[PDB]
Amino acid sequence: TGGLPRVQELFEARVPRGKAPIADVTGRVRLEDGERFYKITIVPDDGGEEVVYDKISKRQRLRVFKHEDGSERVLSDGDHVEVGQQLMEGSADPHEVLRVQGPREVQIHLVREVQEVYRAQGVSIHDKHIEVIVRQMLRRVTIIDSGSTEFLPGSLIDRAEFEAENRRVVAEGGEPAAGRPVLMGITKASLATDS
């Protein structure tokens with residue numbers, strides 16, 4: 001997509017249409033071409049299990065990336081890629097780059113992708129205006145296990161309250177609760193305020 005639908009799908013943090021898979025583990029790519037489905041097992045460079053993306057239809061071209069050769073290289077069996085790299089052409093999924101590459105790469109991705117749409121048609125907005133809105137999209141934590149912290153495992157709570165409770169409980173009884181960062185839209189974040 002492009003234009004206003006692209007801006008909407010970027011700000012509401014939903015799964016894109018033309019989703020492009022990203023590399024899970026840094027390694028050596030083993031591109032086993034199929035009939036109508038590219039199959040690549042990307043051999044790990046440490047010894048881990050083969051992460052395989054399957055059922056990848058032939059609806060789009062491959063990714064033109066740059067390697068040690070210093071030239072625009074198409075994805076062929078023999079190349080080598082690092083963590084967090086699109087394999088085929090399209091747009092990646094923010095919820096996956098989040099976990100793969102930490103919280104900073106998500107904000108980089110979002111600001112860059114929002115600015116490309118506005119810069120294509122020649123509109124100048126400072127980056128400090130999109131950072132204010134991206135800052136509010138990453139403010140909550142999802143509990144995995146609560147232990148004895150008075151939390152329901154699976155809810156969405158603020159980072160400040162989460163760390164305050166985790167510091168209070170360990171200082172007296174002793175139990176750290178679990179939580180991983182999450183990304184929300186602008187409609188689910190507004191309906192979950194404290195008023």
# chains A, B, ... in the order shown; residues from 1 in each chain; ligands from 1
call {"tool": "closest_atom_pairs", "arguments": {"of": "segment 65-143 of chain A", "to": "segment 173-179 of chain A", "cutoff": "6 Å", "atoms": "only C-alpha atoms", "output": "CSV"}}
result
residue,atom,partner,partner_atom,distance
A:141,CA,A:179,CA,5.6
A:142,CA,A:179,CA,5.1
A:143,CA,A:179,CA,4.3
call {"tool": "closest_atom_pairs", "arguments": {"of": "segment 75-100 of chain A", "to": "segment 1-13 of chain A", "cutoff": "12 Å", "atoms": "only C-alpha atoms", "output": "tab-separated table"}}
result
residue	atom	partner	partner_atom	distance
A:90	CA	A:1	CA	9.5
A:91	CA	A:1	CA	9.3
A:92	CA	A:10	CA	10.8
A:93	CA	A:13	CA	8.6
A:94	CA	A:13	CA	7.0
A:95	CA	A:13	CA	8.0
A:96	CA	A:13	CA	11.4
A:98	CA	A:13	CA	11.6
call {"tool": "atom_distance", "arguments": {"atom1": "atom CA of residue 99 of chain A", "atom2": "atom CA of residue 24 of chain A"}}
result
10.0 Å
call {"tool": "closest_residue", "arguments": {"among": "A:138, A:171, A:25, A:100", "to": "residue 159 of chain A", "atoms": "only C-alpha atoms"}}
result
A:138
call {"tool": "closest_atom_pairs", "arguments": {"of": "segment 60-162 of chain A", "to": "segment 36-40 of chain A", "cutoff": "12 Å", "atoms": "only C-alpha atoms", "output": "CSV"}}
result
residue,atom,partner,partner_atom,distance
A:60,CA,A:38,CA,10.8
A:61,CA,A:38,CA,10.8
A:62,CA,A:38,CA,9.9
A:75,CA,A:40,CA,10.3
A:76,CA,A:40,CA,9.9
A:77,CA,A:40,CA,8.6
A:78,CA,A:40,CA,11.4
A:79,CA,A:40,CA,11.8
A:87,CA,A:40,CA,9.7
A:88,CA,A:38,CA,9.9
call {"tool": "write_last_selection", "arguments": {"atoms": "N, CA and C atoms", "output": "PDB file, in the first residue's frame"}}
result
ATOM      1  N   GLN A  60       5.857 -12.061  -5.409  1.00  0.00           N
ATOM      2  CA  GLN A  60       6.703 -10.878  -5.372  1.00  0.00           C
ATOM      3  C   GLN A  60       8.144 -11.288  -5.628  1.00  0.00           C
ATOM      4  N   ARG A  61       8.955 -10.305  -6.007  1.00  0.00           N
ATOM      5  CA  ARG A  61      10.353 -10.537  -6.329  1.00  0.00           C
ATOM      6  C   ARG A  61      11.169 -10.724  -5.051  1.00  0.00           C
ATOM      7  N   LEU A  62      12.474 -10.906  -5.218  1.00  0.00           N
ATOM      8  CA  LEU A  62      13.380 -11.123  -4.104  1.00  0.00           C
ATOM      9  C   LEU A  62      13.977  -9.793  -3.655  1.00  0.00           C
ATOM     10  N   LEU A  75      18.925 -12.485  -3.678  1.00  0.00           N
ATOM     11  CA  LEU A  75      18.950 -13.586  -2.717  1.00  0.00           C
ATOM     12  C   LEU A  75      19.150 -14.902  -3.459  1.00  0.00           C
ATOM     13  N   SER A  76      20.352 -15.463  -3.360  1.00  0.00           N
ATOM     14  CA  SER A  76      20.661 -16.749  -3.962  1.00  0.00           C
ATOM     15  C   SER A  76      21.349 -17.634  -2.933  1.00  0.00           C
ATOM     16  N   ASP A  77      21.249 -18.943  -3.147  1.00  0.00           N
ATOM     17  CA  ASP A  77      21.864 -19.908  -2.242  1.00  0.00           C
ATOM     18  C   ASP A  77      23.379 -19.762  -2.309  1.00  0.00           C
ATOM     19  N   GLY A  78      23.965 -19.193  -1.261  1.00  0.00           N
ATOM     20  CA  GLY A  78      25.389 -18.931  -1.236  1.00  0.00           C
ATOM     21  C   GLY A  78      25.728 -17.626  -0.546  1.00  0.00           C
ATOM     22  N   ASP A  79      24.731 -16.757  -0.389  1.00  0.00           N
ATOM     23  CA  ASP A  79      24.925 -15.485   0.286  1.00  0.00           C
ATOM     24  C   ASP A  79      24.960 -15.695   1.798  1.00  0.00           C
ATOM     25  N   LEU A  87      13.967 -10.772   3.630  1.00  0.00           N
ATOM     26  CA  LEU A  87      14.354 -11.768   2.640  1.00  0.00           C
ATOM     27  C   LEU A  87      13.734 -11.484   1.277  1.00  0.00           C
ATOM     28  N   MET A  88      12.459 -11.116   1.249  1.00  0.00           N
ATOM     29  CA  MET A  88      11.762 -10.804   0.012  1.00  0.00           C
ATOM     30  C   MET A  88      11.215  -9.383   0.069  1.00  0.00           C
TER      31      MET A  88
END
call {"tool": "atom_distance", "arguments": {"atom1": "atom CA of residue 135 of chain A", "atom2": "atom CA of residue 107 of chain A"}}
result
8.3 Å
call {"tool": "select_by_dssp", "arguments": {"residues": "segment 90-155 of chain A", "states": "helix (DSSP H, G or I)", "output": "MDAnalysis selection string"}}
result
chainID A and resid 94:120 127:137
call {"tool": "atom_distance", "arguments": {"atom1": "atom CA of residue 184 of chain A", "atom2": "atom CA of residue 164 of chain A"}}
result
22.2 Å
call {"tool": "select_by_dssp", "arguments": {"residues": "segment 48-166 of chain A", "states": "strand (DSSP E)", "output": "JSON, numbers by chain"}}
result
{"A": [53, 54, 55, 56, 57, 64, 65, 66, 72, 73, 74, 80, 81, 140, 141, 142, 156, 157, 158]}
call {"tool": "write_last_selection", "arguments": {"atoms": "N, CA and C atoms", "output": "PDB file, in the first residue's frame"}}
result
ATOM      1  N   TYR A  53      11.288 -20.776   6.912  1.00  0.00           N
ATOM      2  CA  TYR A  53      10.092 -20.092   6.440  1.00  0.00           C
ATOM      3  C   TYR A  53       9.567 -20.843   5.223  1.00  0.00           C
ATOM      4  N   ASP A  54       8.367 -21.397   5.339  1.00  0.00           N
ATOM      5  CA  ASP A  54       7.782 -22.214   4.289  1.00  0.00           C
ATOM      6  C   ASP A  54       6.521 -21.550   3.748  1.00  0.00           C
ATOM      7  N   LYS A  55       5.991 -22.140   2.675  1.00  0.00           N
ATOM      8  CA  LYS A  55       4.755 -21.681   2.041  1.00  0.00           C
ATOM      9  C   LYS A  55       4.849 -20.214   1.629  1.00  0.00           C
ATOM     10  N   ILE A  56       6.004 -19.822   1.098  1.00  0.00           N
ATOM     11  CA  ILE A  56       6.226 -18.458   0.631  1.00  0.00           C
ATOM     12  C   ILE A  56       5.897 -18.429  -0.858  1.00  0.00           C
ATOM     13  N   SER A  57       4.732 -17.884  -1.196  1.00  0.00           N
ATOM     14  CA  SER A  57       4.259 -17.917  -2.571  1.00  0.00           C
ATOM     15  C   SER A  57       5.115 -17.029  -3.472  1.00  0.00           C
ATOM     16  N   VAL A  64      17.006  -7.160  -2.954  1.00  0.00           N
ATOM     17  CA  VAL A  64      18.304  -6.764  -3.499  1.00  0.00           C
ATOM     18  C   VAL A  64      19.074  -6.129  -2.344  1.00  0.00           C
ATOM     19  N   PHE A  65      19.986  -6.899  -1.763  1.00  0.00           N
ATOM     20  CA  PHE A  65      20.761  -6.468  -0.610  1.00  0.00           C
ATOM     21  C   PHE A  65      22.252  -6.443  -0.931  1.00  0.00           C
ATOM     22  N   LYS A  66      23.008  -5.784  -0.057  1.00  0.00           N
ATOM     23  CA  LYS A  66      24.441  -5.591  -0.238  1.00  0.00           C
ATOM     24  C   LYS A  66      25.211  -6.448   0.758  1.00  0.00           C
ATOM     25  N   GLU A  72      24.963  -4.765  -5.306  1.00  0.00           N
ATOM     26  CA  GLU A  72      23.556  -5.133  -5.179  1.00  0.00           C
ATOM     27  C   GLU A  72      23.399  -6.608  -5.528  1.00  0.00           C
ATOM     28  N   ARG A  73      23.098  -7.423  -4.522  1.00  0.00           N
ATOM     29  CA  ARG A  73      23.054  -8.872  -4.664  1.00  0.00           C
ATOM     30  C   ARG A  73      21.635  -9.380  -4.443  1.00  0.00           C
ATOM     31  N   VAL A  74      21.150 -10.203  -5.375  1.00  0.00           N
ATOM     32  CA  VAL A  74      19.857 -10.848  -5.201  1.00  0.00           C
ATOM     33  C   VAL A  74      20.019 -12.078  -4.315  1.00  0.00           C
ATOM     34  N   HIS A  80      25.133 -14.604   2.540  1.00  0.00           N
ATOM     35  CA  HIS A  80      25.140 -14.665   3.996  1.00  0.00           C
ATOM     36  C   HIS A  80      24.507 -13.391   4.535  1.00  0.00           C
ATOM     37  N   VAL A  81      23.594 -13.542   5.495  1.00  0.00           N
ATOM     38  CA  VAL A  81      22.812 -12.426   6.008  1.00  0.00           C
ATOM     39  C   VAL A  81      22.886 -12.413   7.528  1.00  0.00           C
ATOM     40  N   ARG A 140       3.788  -0.061  27.573  1.00  0.00           N
ATOM     41  CA  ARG A 140       3.151  -1.084  28.384  1.00  0.00           C
ATOM     42  C   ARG A 140       3.926  -2.389  28.276  1.00  0.00           C
ATOM     43  N   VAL A 141       3.681  -3.275  29.238  1.00  0.00           N
ATOM     44  CA  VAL A 141       4.393  -4.540  29.366  1.00  0.00           C
ATOM     45  C   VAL A 141       3.374  -5.657  29.556  1.00  0.00           C
ATOM     46  N   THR A 142       3.608  -6.793  28.901  1.00  0.00           N
ATOM     47  CA  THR A 142       2.730  -7.953  29.000  1.00  0.00           C
ATOM     48  C   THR A 142       3.321  -8.973  29.963  1.00  0.00           C
ATOM     49  N   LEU A 156      -2.078  -5.990  30.308  1.00  0.00           N
ATOM     50  CA  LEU A 156      -1.212  -4.917  29.827  1.00  0.00           C
ATOM     51  C   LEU A 156      -1.134  -3.849  30.907  1.00  0.00           C
ATOM     52  N   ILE A 157       0.045  -3.680  31.506  1.00  0.00           N
ATOM     53  CA  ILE A 157       0.229  -2.727  32.590  1.00  0.00           C
ATOM     54  C   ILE A 157       1.393  -1.807  32.255  1.00  0.00           C
ATOM     55  N   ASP A 158       1.374  -0.626  32.866  1.00  0.00           N
ATOM     56  CA  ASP A 158       2.395   0.377  32.607  1.00  0.00           C
ATOM     57  C   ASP A 158       3.742  -0.059  33.171  1.00  0.00           C
TER      58      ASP A 158
END
call {"tool": "residues_around", "arguments": {"residues": "residue 42 of chain A", "least_positions_apart": "4", "cutoff": "6 Å", "atoms": "only C-alpha atoms", "output": "short mmCIF file (atom, residue, chain, number, x, y, z; two decimals) with C-alpha atoms, in the first residue's frame"}}
result
data_model
loop_
_atom_site.label_atom_id
_atom_site.label_comp_id
_atom_site.auth_asym_id
_atom_site.auth_seq_id
_atom_site.Cartn_x
_atom_site.Cartn_y
_atom_site.Cartn_z
CA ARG A 28 24.20 -19.09 5.93
CA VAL A 29 21.11 -19.07 3.72
CA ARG A 30 20.17 -22.35 2.02
#
call {"tool": "residues_around", "arguments": {"residues": "residue 126 of chain A", "least_positions_apart": "4", "cutoff": "10 Å", "atoms": "only C-alpha atoms", "output": "PyMOL selection string"}}
result
chain A and resi 115+130-131
